[PDB]
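Beneath this line is the structure, given in structure tokens, with notes to follow.
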Amino acid sequence: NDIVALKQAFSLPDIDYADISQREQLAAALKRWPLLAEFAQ
Amino acid sequence: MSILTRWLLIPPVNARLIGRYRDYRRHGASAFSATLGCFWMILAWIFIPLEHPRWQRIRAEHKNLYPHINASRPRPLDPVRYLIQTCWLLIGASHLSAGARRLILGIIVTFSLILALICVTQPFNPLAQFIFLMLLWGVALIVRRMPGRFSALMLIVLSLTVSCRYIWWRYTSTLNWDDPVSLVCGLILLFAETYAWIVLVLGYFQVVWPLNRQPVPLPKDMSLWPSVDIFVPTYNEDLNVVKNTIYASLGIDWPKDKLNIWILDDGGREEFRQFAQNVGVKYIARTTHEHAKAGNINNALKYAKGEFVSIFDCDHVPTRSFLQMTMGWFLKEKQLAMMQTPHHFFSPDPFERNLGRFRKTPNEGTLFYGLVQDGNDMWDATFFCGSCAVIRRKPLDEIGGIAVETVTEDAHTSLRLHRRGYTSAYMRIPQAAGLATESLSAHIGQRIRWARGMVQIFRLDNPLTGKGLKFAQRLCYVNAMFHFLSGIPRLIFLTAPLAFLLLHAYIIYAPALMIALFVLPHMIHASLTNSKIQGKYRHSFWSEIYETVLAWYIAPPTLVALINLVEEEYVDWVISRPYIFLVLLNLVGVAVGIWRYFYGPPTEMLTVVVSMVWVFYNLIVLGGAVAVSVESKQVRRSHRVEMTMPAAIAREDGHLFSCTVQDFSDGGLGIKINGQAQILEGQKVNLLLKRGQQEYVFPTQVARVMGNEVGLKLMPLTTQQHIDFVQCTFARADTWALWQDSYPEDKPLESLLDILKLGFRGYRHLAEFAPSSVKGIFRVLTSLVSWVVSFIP
Amino acid sequence: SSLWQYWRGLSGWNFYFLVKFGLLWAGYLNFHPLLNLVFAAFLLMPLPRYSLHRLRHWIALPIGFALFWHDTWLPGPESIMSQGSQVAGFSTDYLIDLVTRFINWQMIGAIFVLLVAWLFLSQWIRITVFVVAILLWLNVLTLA
Amino acid sequence: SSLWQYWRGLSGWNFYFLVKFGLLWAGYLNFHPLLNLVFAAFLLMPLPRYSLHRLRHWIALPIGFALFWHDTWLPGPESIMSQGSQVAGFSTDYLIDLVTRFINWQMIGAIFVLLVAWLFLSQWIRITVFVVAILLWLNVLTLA
Amino acid sequence: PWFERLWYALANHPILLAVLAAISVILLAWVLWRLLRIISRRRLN
Ligand SMILES: Nc1nc2c(ncn2[C@@H]2O[C@@H]3COP(=O)(O)O[C@H]4[C@@H](O)[C@H](n5cnc6c(=O)[nH]c(N)nc65)O[C@@H]4COP(=O)(O)O[C@H]3[C@H]2O)c(=O)[nH]1
Ligand SMILES: Nc1nc2c(ncn2[C@@H]2O[C@@H]3COP(=O)(O)O[C@H]4[C@@H](O)[C@H](n5cnc6c(=O)[nH]c(N)nc65)O[C@@H]4COP(=O)(O)O[C@H]3[C@H]2O)c(=O)[nH]1
């Protein structure tokens, strides 16, 4: 909620935050567990 | 003899007197004091109706509201104090065509300038000047309570008119051309004040319109995002201070295919090499150590291959949003070659640590990184400040890398980039926090290095007279360089009244009333205008304290360059020598002035008062400076940041309890539990921290339990746990912005009261230790009289 | 044992003494310091019961009124009783005009201001002991 | 009551008294220290209910207006009532000239700056005590 | 002597000079505000 706090504090209404750490963790998880990979795609 | 007392005095009153006498004897109070107190009590109760329930109800909460009066500690002249406080309370209150538009602007501007010239150059009689003063001051006060930028411009213009009037009056009808001694020093003061006026005008121009640049959103596709290389140059810092920087860098929300983190080591230390190998970041240890940090960065550039280079200091930890909040503009402006980010210090600065005002007063550097750089942004003069910046490598290769000539290499390379046509930008949101200087000596030294570098740039590159560079950029750079030549004017200001008081020399040949009616509006309007402009950046009357701390140490090196873990509390005598010398000179001046107020000519009655109030202001400033020079206790290995986050604690038996994190450091946390659920001073505890919707677990050991408050010590963490902890405590993109936004506004009167208390505290501090024994007695006498007066306000 | 609450002061009669002292300072009163001191001692002399204190106040109210009337230069009430028939024989309109002319508004305003100042200074100035001291000083002056 | 917490102060009447003092200093006033002191005592009279306080202020407003008119050197109501018809029948130019000669801009500026100073003081320094002290000093000087 | 004449014209008029100074301040503030808005818009593009 840090980005939400920043948006509530100092404007920034159009900067869409790309959390690349979450995406990389999700990709590693999908690679690690074939069940999640099967259900996701 | 008790029978006689019992017969003469009613037994209740006799018992009251005996009990009060015994109580004051047990407390060491004199018997005569008890007799005088009883006499005052009886004479009051008979000459003052203390039976009125109104006064009884007032007395009920008198101790809480007025704790400065003790009923069990009689002192001489207590009724005088009671009457004085009562008198204070009773006194106190409880569009269009091009040619036509240009001609209209011309006529409006010339009319306004003619009116301003008339206002500046109108001689007055004292009553007329006073009416003018009250009217313009009221206009300023009204415009103060009007948010926006138009009000700031109005205050700037009003202040400029008042200051120009003051300078006109000084240059016309204050210089006394009669004496060879009342001339040189008077002109010296006039030149000091003209320099101060020029600095004020250039500062008003510099922050006339902060740009308030906003981040530009990055493209949705992640394949258009550029490659960034992060450099962390280290020379002698311990690994404990660079670990957090590296961990925060490893958690930056940037694609790892396009982010390389480098550790640059000029010490050739093997611990840093092993740490880089363990965490997976790059490492360079150059064999030849030349040009210091600039040379290290150049050698790193010789190997790094990335579109952008971001330089971080060892103690500066970036937030995960740094690159996303920064890189937008580089893809929007192809001419951009440098972006700057504010410097925040979670560690307490020497002023904040020593003077006890850490979260109350704003930091010394938040005026610069909060308003001055934003003002420079408009004129394209935002210069590199060492850390928290991004430089495009293609422009940086054309200029031959980081400039290696001056000791302030960042400003020099930014100046070169601006002189080659490239622009610069500034982003206001604090996305990196560092460690402040651990002592006053460190602050003095770093300021000296900065000033030496700026004067070197002024002498070598000379922004005023060079090659292609806009005039606004020239003005901004020369203002930044002139900021560090203010030591000599400050010394003149601190030593000016001592001229007249010691050696009769009329610096200003005008009646004291006219001096009060002309100098005072200048100061009042400057203070109001700054308080509006630099509102939540710097409190009033504090800039003089910093200036006087720096002046004696910055003036010599700047002039020469122009020509060519606190175990115990202590006072830095070596640092504080100039302040003590100036205090001695000013107080010997005030003794001479006290003599002159009686044995001098009667006509010089108001002039001596003016000189004495000047000396008193000087003494307050120097006392604050001395108060800075006493180092408070510091036994904490890591500095703590006060942040409130909900959390949870896990025990080994499987019970979980909620807690509120109140502060965190590198190796510990401080939490509060409503009721002290279950914890003991050695038990291991798992700490649950949430970053958004994700929860992280960190092993901890309890160090202190004091009721609701519990201190935790972090267990040896793995690399991933270190990264998660940094992302949950330090590298959060909300702590520093809200920290800066929580700074209280500027209240000039409260600020004056705080500075007066600080000076008194510094005098009391020096009333304990003394380098020259003789000074001990004088300091003790001053403190004694001062607290006696404080008790009799 | 709240035996001190029997010596409370002269709150309520302090205005009386202040008005009399002001009239004496203005020369409009024939003052008898001994009688005033006796009256003050009687008022300050305690009585065993609060009801007895109320009875003392009720008795002293006619006494205070008579003392205030006699200290002034007004003629004795016996003459008024004797000449009431003659007064009734006179025209009533002339009497009304005379009594409207006789009243001095300056003294009434001064009395009102003194009452306000006594109600305010009954916060910071206990009027009983000051009145007693002034009366003692006047008695000493008239004795020596 | 036990406290009598009704001495709230002159409040806005401090500016009225300051204006009167300034006009007297200028020399345009026929000052009446006794009437001013009585009016100040009336304004400072403690009242238990706030409704009575408001009613007292409302009643004192026209009384203060009339007192201010009386203390000036302007002609009395008889002349105004006798010459109202003549003023109505006069030409507009004469009335405009009389209005222009009646208004002094220096007086208006002095009153405005005094009001601003009074606002600042009443924010930081209360004025009731000073006004009462000045009125008492003037009364003592006039009587003595 | 023209500056002497101008000074003697407003020798004892503080209210009028305050009004003139306020007028000049407001007008110069407006001109500067317009110019700085223009420069800010050109700067952010
Ligand atoms: N054993 C232990 N106890 C701790 C620790 N942190 C806090 N406490 C306890 O909690 C009290 C409140 O300290 P605070 O809120 O940090 O507020 C502190 C802090 O602001 C300051 N302070 C004291 N010692 C130091 C120090 O070594 N460094 C710094 N930076 N501040 C200190 O003084 C205030 C009062 O501290 P105390 O009078 O000592 O009283 C301290 C102490 O009894 C800790 O790490 N270990
Ligand atoms: N955020 C936070 N961390 C906490 C707290 N209590 C303990 N810690 C952590 O636990 C470490 C050990 O503290 P300690 O055993 O009390 O041993 C402490 C204590 O004896 C002393 N100390 C440090 N600060 C204070 C203070 O403010 N007051 C007092 N009285 N002692 C202090 O110095 C020792 C070293 O402390 P540190 O270097 O800070 O290292 C601290 C810190 O990392 C707490 O309330 N909040």
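We name chains A, B, ... following the order of the structure tokens; residues begin at 1 in each chain, and ligands are numbered from 1 as shown.
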
TODO: Find the residues in chain E near chain B: any atom within 8 Å counts, using only C-alpha atoms. Write them as a ChimeraX atom specification.
DONE: /E:7,10-15,17-18,20-33,36,39-40,43-44

TODO: Show me which bits of chain C are within 10 Å of chain D, counting only C-alpha atoms, as a ChimeraX atom specification.
DONE: /C:106-117,119-120,123

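When CA of residue 14 in chain B is paired with CA of residue 81 in chain B, their separation reads 28.0 Å.
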
TODO: Write out as a VMD selection string each polymer residue (protein, DNA or RNA) that has an atom no more than 6 Å from ligand 1, with only C-alpha atoms and all ligand atoms counted.
DONE: chain B and resid 633 to 636

TODO: Dump the neighbourhood of ligand 2 as an NGL selection string: all residues within 12 Å, distances computed on only C-alpha atoms and all ligand atoms.
DONE: :B and (565-567 or 632-644 or 661-672 or 681-682 or 700-715 or 729)

Task: At most 9 Å to chain B: residues in chain A, only C-alpha atoms, as number ranges by chain - done: A: 1-6, 9-12, 14-22, 24

Open item on the list: List as number ranges by chain the protein and nucleic acid residues near range 124-135 of chain D, meaning an atom at most 7 Å away when only C-alpha atoms are counted, but skip any in the same chain fewer than 2 places from it.
Closed with: B: 90-93; D: 9-10, 14, 17, 33, 37, 120-122, 137-139

Open item on the list: So the first atom is CA of residue 547 in chain B and the second is CA of residue 491 in chain B; what is the distance between them in Å, to one decimal place?
Closed with: 9.8 Å

Task: Long-range neighbours of residue 15 in chain C as a list in words, 7 Å cut-off, only C-alpha atoms, 3 positions minimum in chain - done: residues 12, 18, 19, 115 and 118 of chain C

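Taking CA of residue 744 in chain B and CA of residue 361 in chain B as endpoints, the distance between them is 7.3 Å.
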
Task: alpha helix (DSSP H) call set, DSSP backbone run, chain E, as a PyMOL selection string - done: chain E and resi 2-9+14-43

How about saving the chosen residues, N, CA, C and O atoms kept, as a compact mmCIF listing (two decimals), in the first residue's frame?
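And here's selection_8.txt as it stands now:
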```txt
# COMPACT_ATOMS: atom_id res chain seq x y z
N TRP E 2 12.94 68.67 -10.16
CA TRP E 2 11.71 67.92 -10.42
C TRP E 2 11.52 66.81 -9.40
O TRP E 2 10.39 66.54 -8.98
N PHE E 3 12.61 66.15 -8.98
CA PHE E 3 12.48 65.16 -7.92
C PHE E 3 12.12 65.83 -6.60
O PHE E 3 11.35 65.28 -5.81
N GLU E 4 12.65 67.03 -6.36
CA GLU E 4 12.22 67.80 -5.20
C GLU E 4 10.73 68.11 -5.27
O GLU E 4 10.02 68.02 -4.26
N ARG E 5 10.24 68.48 -6.46
CA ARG E 5 8.82 68.77 -6.61
C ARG E 5 7.97 67.53 -6.36
O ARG E 5 6.93 67.61 -5.70
N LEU E 6 8.40 66.38 -6.88
CA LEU E 6 7.64 65.15 -6.67
C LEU E 6 7.63 64.76 -5.20
O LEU E 6 6.60 64.33 -4.67
N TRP E 7 8.77 64.91 -4.52
CA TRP E 7 8.82 64.60 -3.09
C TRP E 7 7.93 65.54 -2.29
O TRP E 7 7.19 65.10 -1.40
N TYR E 8 7.97 66.83 -2.60
CA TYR E 8 7.13 67.79 -1.90
C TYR E 8 5.65 67.56 -2.18
O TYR E 8 4.80 67.90 -1.35
N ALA E 9 5.33 66.99 -3.34
CA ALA E 9 3.93 66.66 -3.63
C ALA E 9 3.39 65.65 -2.63
O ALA E 9 2.26 65.79 -2.14
N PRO E 14 1.20 59.26 3.62
CA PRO E 14 1.57 57.84 3.71
C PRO E 14 0.49 56.91 3.17
O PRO E 14 0.81 55.87 2.59
N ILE E 15 -0.78 57.28 3.35
CA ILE E 15 -1.88 56.44 2.86
C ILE E 15 -1.85 56.35 1.34
O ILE E 15 -1.98 55.26 0.76
N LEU E 16 -1.66 57.49 0.67
CA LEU E 16 -1.63 57.49 -0.79
C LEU E 16 -0.45 56.69 -1.32
O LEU E 16 -0.59 55.95 -2.31
N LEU E 17 0.71 56.83 -0.69
CA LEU E 17 1.89 56.08 -1.14
C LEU E 17 1.72 54.59 -0.89
O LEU E 17 2.18 53.77 -1.69
N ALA E 18 1.07 54.23 0.22
CA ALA E 18 0.76 52.82 0.45
C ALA E 18 -0.16 52.28 -0.63
O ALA E 18 0.03 51.15 -1.11
N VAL E 19 -1.16 53.07 -1.02
CA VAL E 19 -2.07 52.63 -2.08
C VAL E 19 -1.31 52.46 -3.39
O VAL E 19 -1.49 51.46 -4.11
N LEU E 20 -0.44 53.42 -3.73
CA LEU E 20 0.33 53.32 -4.96
C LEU E 20 1.25 52.10 -4.94
O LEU E 20 1.38 51.39 -5.95
N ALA E 21 1.91 51.86 -3.81
CA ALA E 21 2.80 50.71 -3.70
C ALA E 21 2.04 49.40 -3.83
O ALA E 21 2.51 48.47 -4.49
N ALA E 22 0.85 49.32 -3.23
CA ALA E 22 0.04 48.11 -3.37
C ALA E 22 -0.39 47.90 -4.81
O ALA E 22 -0.39 46.77 -5.32
N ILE E 23 -0.77 48.98 -5.50
CA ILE E 23 -1.15 48.88 -6.90
C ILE E 23 0.01 48.36 -7.74
O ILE E 23 -0.14 47.45 -8.56
N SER E 24 1.20 48.93 -7.52
CA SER E 24 2.37 48.50 -8.27
C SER E 24 2.71 47.04 -7.98
O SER E 24 3.05 46.28 -8.89
N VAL E 25 2.61 46.64 -6.71
CA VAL E 25 2.90 45.26 -6.34
C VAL E 25 1.95 44.30 -7.04
O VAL E 25 2.37 43.30 -7.61
N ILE E 26 0.65 44.62 -7.03
CA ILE E 26 -0.33 43.72 -7.64
C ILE E 26 -0.10 43.63 -9.15
O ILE E 26 -0.14 42.53 -9.72
N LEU E 27 0.14 44.76 -9.81
CA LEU E 27 0.33 44.72 -11.26
C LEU E 27 1.60 43.98 -11.65
O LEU E 27 1.59 43.17 -12.59
N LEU E 28 2.72 44.24 -10.96
CA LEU E 28 3.95 43.53 -11.27
C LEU E 28 3.82 42.05 -10.96
O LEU E 28 4.36 41.20 -11.69
N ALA E 29 3.10 41.70 -9.89
CA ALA E 29 2.84 40.30 -9.59
C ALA E 29 2.05 39.64 -10.71
O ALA E 29 2.33 38.50 -11.08
N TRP E 30 1.05 40.35 -11.26
CA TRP E 30 0.28 39.79 -12.36
C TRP E 30 1.16 39.55 -13.59
O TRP E 30 1.08 38.49 -14.23
N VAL E 31 2.00 40.53 -13.93
CA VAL E 31 2.85 40.38 -15.11
C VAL E 31 3.82 39.22 -14.93
O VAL E 31 4.01 38.39 -15.83
N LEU E 32 4.46 39.15 -13.75
CA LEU E 32 5.38 38.06 -13.48
C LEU E 32 4.67 36.72 -13.47
O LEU E 32 5.22 35.72 -13.94
N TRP E 33 3.46 36.67 -12.93
CA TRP E 33 2.70 35.43 -12.90
C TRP E 33 2.39 34.94 -14.30
O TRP E 33 2.55 33.75 -14.60
N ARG E 34 1.99 35.86 -15.19
CA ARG E 34 1.75 35.48 -16.58
C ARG E 34 3.02 34.95 -17.23
O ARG E 34 3.01 33.88 -17.86
N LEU E 35 4.12 35.69 -17.09
CA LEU E 35 5.37 35.28 -17.74
C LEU E 35 5.85 33.94 -17.22
O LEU E 35 6.30 33.08 -17.99
N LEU E 36 5.75 33.72 -15.90
CA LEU E 36 6.22 32.47 -15.32
C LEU E 36 5.31 31.31 -15.69
O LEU E 36 5.80 30.19 -15.86
N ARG E 37 4.01 31.54 -15.84
CA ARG E 37 3.14 30.48 -16.37
C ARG E 37 3.55 30.10 -17.78
O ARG E 37 3.60 28.90 -18.12
N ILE E 38 3.83 31.09 -18.62
CA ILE E 38 4.25 30.79 -19.99
C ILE E 38 5.54 29.97 -19.99
O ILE E 38 5.66 28.96 -20.70
N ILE E 39 6.51 30.39 -19.18
CA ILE E 39 7.80 29.70 -19.14
C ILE E 39 7.64 28.30 -18.57
O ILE E 39 8.31 27.36 -19.01
N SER E 40 6.76 28.13 -17.58
CA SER E 40 6.53 26.80 -17.01
C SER E 40 5.91 25.86 -18.03
O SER E 40 6.30 24.70 -18.13
N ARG E 41 4.93 26.35 -18.80
CA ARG E 41 4.33 25.51 -19.83
C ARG E 41 5.34 25.15 -20.91
O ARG E 41 5.36 24.00 -21.38
N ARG E 42 6.17 26.10 -21.32
CA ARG E 42 7.20 25.78 -22.31
C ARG E 42 8.26 24.84 -21.73
O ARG E 42 8.90 24.10 -22.48
N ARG E 43 8.45 24.88 -20.42
CA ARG E 43 9.50 24.10 -19.77
C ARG E 43 9.11 22.63 -19.63
O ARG E 43 9.96 21.74 -19.76
```

Report as CSV: every residue of chain B with an atom at most 8 Å from chain C, its closest pair of atoms, and their distance in Å to one decimal, counting only C-alpha atoms, with rows sorted by chain and ascending residue number.
```
residue,atom,partner,partner_atom,distance
B:45,CA,C:126,CA,7.5
B:46,CA,C:129,CA,5.8
B:47,CA,C:126,CA,4.8
B:48,CA,C:125,CA,4.2
B:49,CA,C:126,CA,4.6
B:50,CA,C:123,CA,7.4
B:52,CA,C:123,CA,6.7
B:55,CA,C:123,CA,7.8
```

Would you put the residues from that selection into a file with N, CA, C and O atoms, as a PDB file, in the first residue's frame?
```pdb
ATOM      1  N   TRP B  45      -4.548  36.880  53.156  1.00  0.00           N
ATOM      2  CA  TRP B  45      -5.880  36.419  53.529  1.00  0.00           C
ATOM      3  C   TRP B  45      -6.690  37.502  54.230  1.00  0.00           C
ATOM      4  O   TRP B  45      -7.917  37.539  54.100  1.00  0.00           O
ATOM      5  N   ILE B  46      -6.004  38.504  54.798  1.00  0.00           N
ATOM      6  CA  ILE B  46      -6.740  39.657  55.407  1.00  0.00           C
ATOM      7  C   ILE B  46      -6.837  40.843  54.419  1.00  0.00           C
ATOM      8  O   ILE B  46      -7.789  41.619  54.549  1.00  0.00           O
ATOM      9  N   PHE B  47      -5.909  40.986  53.466  1.00  0.00           N
ATOM     10  CA  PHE B  47      -5.924  42.138  52.519  1.00  0.00           C
ATOM     11  C   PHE B  47      -6.377  41.671  51.135  1.00  0.00           C
ATOM     12  O   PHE B  47      -6.485  42.535  50.252  1.00  0.00           O
ATOM     13  N   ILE B  48      -6.616  40.372  50.950  1.00  0.00           N
ATOM     14  CA  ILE B  48      -7.008  39.729  49.660  1.00  0.00           C
ATOM     15  C   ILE B  48      -7.979  38.610  50.052  1.00  0.00           C
ATOM     16  O   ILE B  48      -7.652  37.797  50.928  1.00  0.00           O
ATOM     17  N   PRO B  49      -9.187  38.545  49.477  1.00  0.00           N
ATOM     18  CA  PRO B  49     -10.192  37.520  49.816  1.00  0.00           C
ATOM     19  C   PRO B  49      -9.935  36.204  49.088  1.00  0.00           C
ATOM     20  O   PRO B  49     -10.526  35.879  48.058  1.00  0.00           O
ATOM     21  N   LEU B  50      -9.013  35.416  49.641  1.00  0.00           N
ATOM     22  CA  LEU B  50      -8.716  34.101  49.085  1.00  0.00           C
ATOM     23  C   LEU B  50      -9.819  33.088  49.346  1.00  0.00           C
ATOM     24  O   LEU B  50      -9.702  31.944  48.895  1.00  0.00           O
ATOM     25  N   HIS B  52     -12.714  33.337  48.046  1.00  0.00           N
ATOM     26  CA  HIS B  52     -13.573  33.327  46.870  1.00  0.00           C
ATOM     27  C   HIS B  52     -13.419  32.002  46.136  1.00  0.00           C
ATOM     28  O   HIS B  52     -12.296  31.641  45.757  1.00  0.00           O
ATOM     29  N   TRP B  55     -11.225  31.886  42.813  1.00  0.00           N
ATOM     30  CA  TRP B  55      -9.781  31.727  42.925  1.00  0.00           C
ATOM     31  C   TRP B  55      -9.405  30.340  43.420  1.00  0.00           C
ATOM     32  O   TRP B  55      -8.339  29.833  43.067  1.00  0.00           O
TER      33      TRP B  55
END
```

Task: Top pick for closest residue to residue 68 in chain D, considering D:31, D:25, D:6, D:105 and counting only C-alpha atoms - done: D:31
